[PDB]
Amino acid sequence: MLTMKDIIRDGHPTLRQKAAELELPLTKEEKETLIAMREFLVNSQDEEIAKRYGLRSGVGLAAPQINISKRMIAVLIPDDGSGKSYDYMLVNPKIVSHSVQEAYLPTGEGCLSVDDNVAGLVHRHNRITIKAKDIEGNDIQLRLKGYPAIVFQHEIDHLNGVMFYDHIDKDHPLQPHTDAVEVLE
């Protein structure tokens, strides 16, 4: 069972490396890791389990965050009230196209690997198309917009050694870009 102790902290060199492509099929150990990454997210969203093991409520996790430099991610976003929810374990995900229009969370972002809040807007693409493999090596193509697009971009960034605060404007951290969509949390 993964917990907060498995999550490495900002400053750990693995978080700044470029994660390696997975060869398909995955090994059993790689499947188990990816399943446990999702299970961490499932556990973190269960009120009682999260309380018992001191878990922060997570919507995404990238393998580098548990010190595994491999291009795998898990995303678990519960129903936003519209019936849309996102439960994906992705292997070698890649943004193949995106909107020019940007989007941002109004209060900025945070990260399982970052202890202290960092104020400032993180502009990402409002719309993205991702190609990836699933855990069994089958093909997945996702068309994403708004909040889930932001989450997936955040996770893919981890695979390239990019941290959310890298995107914050030092002088004008709270100024939205022209025509950027404010995305409701």
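Residue positions are given as counts along the sequence shown, with the first one as 1.
Requested in this report: Look up the CA B-factors in the entry and say which stretch, 15-23 or 171-179, has the higher mean.
Outcome: 171-179 has the higher mean C-alpha B-factor.
Query - Average Cα temperature factor in the PDB entry - higher stretch of 130-138, 52-60 - result: Stretch with the greater average CA B-factor: 52-60.
**Report entry** Highest-ranked of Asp87, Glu109, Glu102, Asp115 once sorted by CA temperature factor in the record
**Finding:** In this record, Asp115 carries the highest C-alpha B-factor of the candidates.
Query raised in the report: According to the PDB entry, is the CA B factor of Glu47 in the bottom, middle or top third of its chain, that is, lowest, middle or highest?
Result: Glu47: CA B-factor falls in the highest third of its chain.
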